[PDB]
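In this chain, numbering begins with 1 at the start of the sequence shown. Quick note: numbers below take in every heavy atom, side chains included, and nothing from hydrogens, waters or symmetry partners.
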Amino acid sequence: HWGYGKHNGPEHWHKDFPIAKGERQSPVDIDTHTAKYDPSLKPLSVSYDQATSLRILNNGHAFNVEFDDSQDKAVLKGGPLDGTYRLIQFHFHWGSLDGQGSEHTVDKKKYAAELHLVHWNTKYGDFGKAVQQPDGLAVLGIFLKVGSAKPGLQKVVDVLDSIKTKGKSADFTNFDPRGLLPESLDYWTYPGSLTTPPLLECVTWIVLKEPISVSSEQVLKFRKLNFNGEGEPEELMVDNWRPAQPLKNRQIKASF
Ligand SMILES: NS(=O)(=O)c1nc2ccc(O)cc2s1
Ligand SMILES: NS(=O)(=O)c1nc2ccc(O)cc2s1
Ligand SMILES: [Zn+2]
């Protein structure tokens, strides 16, 4: 029963998920002046050529494009990561207005939306075991700003009509998530958590510096989704972002 409303939103989560007030919670503000270049970072490798997308799901909190993760078909390696992380899903967070919607912020700037590509460390065998580990997951975060359309996003946008309400899914095969990346893979990285309950502190965050542009019409279609289930009173799925959490004893490192 957690959500994003006044009565079940981020200010309330701590009562059922006490780790919400933990030492390595996400998202955070990225202070570009305090982040330091780390020449120890190895090159980042996004290897999505054999990605196998399967389905898209409205889960009541966002929509997930889900992948076949039964083999190393789409993986992330390099950068701050030790070993191989397998893509399992991506999703977005967005706002009611273009001036908010991202989870991470950059010098307190909020972007219109934020894409999360979620990966688990194959040394733990499956996602559920991975989220019992401090290095279990890697989430690649990409900011969205409103301007020119992102062509590679349009197939996502056009299927949303078919998953308007909580619990609905659709087939979503043969989608190439490489079409959602910016040109540059310059990033910031820090240790953090899942940004929704259970808020587990199991994530290496890799947040790209370069945003992607999407069109107003594309994000407007995100905002037509529903948090509610079919037949229920309409609650638009908007402002499904957690605000920035205390950085505590952490350092944000830059790859550039
Ligand atoms: N702590 S949490 O998981 O954010 C919440 N759970 C409920 C359950 C009922 C309810 O009426 C409100 C909340 S907030
Ligand atoms: N926004 S985020 O940090 O990418 C995520 N949060 C959850 C929560 C549960 C879950 O099962 C998967 C994720 S990914
Ligand atoms: Zn997310």
When you compare the side chain of [Y] with that of [X], does any pair of heavy atoms fall below 4.5 Å?
X	Y	result
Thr195	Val203	no
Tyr4	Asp239	no
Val118	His91	yes
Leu236	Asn226	yes
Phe90	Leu140	no
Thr52	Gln71	no
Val219	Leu144	no
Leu57	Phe172	no

Hey, does the side chain of [X] reach the backbone of [Y] with a donor-acceptor pair shorter than 3.5 angstrom?
X	Y	answer
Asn121	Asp135	yes
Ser53	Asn174	yes
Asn58	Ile163	yes
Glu23	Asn249	no
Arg242	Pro10	no
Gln218	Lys150	yes
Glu201	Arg24	yes
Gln25	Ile19	yes
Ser26	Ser193	yes

Using the rule that two of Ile, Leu, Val, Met, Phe, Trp, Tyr join whenever any of their side-chain heavy atoms come within less than 4.5 Å, decide whether [X] and [Y] are in one cluster.
X	Y	result
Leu153	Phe175	yes
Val159	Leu180	yes
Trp13	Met237	yes
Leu76	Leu208	yes
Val157	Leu181	yes

(message) If you apply the rule side chain to side chain donor-acceptor pair (under 3.5 Å), what do you find for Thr105 with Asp29, and how did you get there?
(response) CA-CA 5 Å; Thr105 55; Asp29 180 56; 2.7 Å; yes

What is the distance from atom [atom1] of [X] to atom [atom2] of [Y], rounded to the nearest 0.5 Å?
X	Y	atom1	atom2	result
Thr196	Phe17	OG1	CZ	8.5 Å
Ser96	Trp241	OG	CH2	8.5 Å
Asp107	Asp31	CG	CG	5.0 Å
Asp69	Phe127	CG	CZ	9.5 Å
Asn228	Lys166	CG	NZ	7.0 Å
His61	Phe227	NE2	CZ	9.0 Å

How close do [X] and [Y] get, heavy atom to heavy atom, and via which atoms?
X	Y	result
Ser255	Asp186	OG-CA, 3.5 Å
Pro191	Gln251	CD-O, 4.3 Å
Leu41	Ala254	CD1-O, 3.7 Å
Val131	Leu137	CG1-CD1, 3.7 Å
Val75	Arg86	CG1-CA, 4.3 Å
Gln89	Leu87	O-CD1, 3.7 Å

(request) Go through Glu103 and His116 one step at a time and tell me if the side chain to side chain contact (heavy atoms under 4.5 Å, CB included) criterion holds. (result) CA-CA 10 Å; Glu103 294 209 307; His116 289 161; 3.1 Å; yes

(message) Whether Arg55 and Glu66 form a salt bridge (side-chain N of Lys/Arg under 4.0 Å from carboxylate O of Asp/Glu) is what I want to check.
(response) yes

(message) Check this for me, if you would: do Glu234 and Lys164 make a salt bridge, where the nitrogen-to-carboxylate-oxygen distance has to be below 4.0 angstrom?
(response) yes

(request) Applying side chain to side chain contact (heavy atoms under 4.5 Å, CB included) between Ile252 and each of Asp38, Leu247, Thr32, report the one that passes. (result) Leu247

(request) Walk me through it: do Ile88 and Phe67 pass the test side chain to side chain contact (heavy atoms under 4.5 Å, CB included)? (result) CA-CA 5 Å; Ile88 178 170; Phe67 290 81; 5.9 Å; no

(message) Please evaluate residues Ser102 and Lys110 with respect to the criterion side chain to side chain donor-acceptor pair (under 3.5 Å), reporting the C-alpha separation (whole Å), side-chain torsions for both, the decisive distance (0.1 Å), and the verdict.
(response) CA-CA 6 Å; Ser102 66; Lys110 296 171 163 75; over 6 Å; no

(request) Report the residues that fulfil ring-ring contact (aromatic ring centres under 6.0 Å, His included) with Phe63, sequence neighbours left out, ordered by chain and then residue number. (result) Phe92, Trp94, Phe222

(message) Suppose we call two aromatic rings close when their centres sit under 6.0 Å apart. Are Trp188 and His104 close by that rule?
(response) no

(request) Step through the shown structure and confirm whether more than 12 heavy atoms of other residues, nucleotides or ligands are within 6.0 Å of CD on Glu232. (result) yes

(request) Answer yes or no: does atom CD of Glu210 have more than 12 heavy-atom neighbours from other residues, nucleotides or ligands under 6.0 Å? (result) yes

(request) Could you go through the side chain to side chain contact (heavy atoms under 4.5 Å, CB included) check for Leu81 and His119 one step at a time? (result) CA-CA 11 Å; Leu81 306 166; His119 314 73; over 6 Å; no

(message) For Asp49 and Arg178: C-alpha separation, side-chain torsions, deciding distance, then whether side chain to side chain contact (heavy atoms under 4.5 Å, CB included) applies.
(response) CA-CA 8 Å; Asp49 188 67; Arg178 296 181 288 191; 2.9 Å; yes

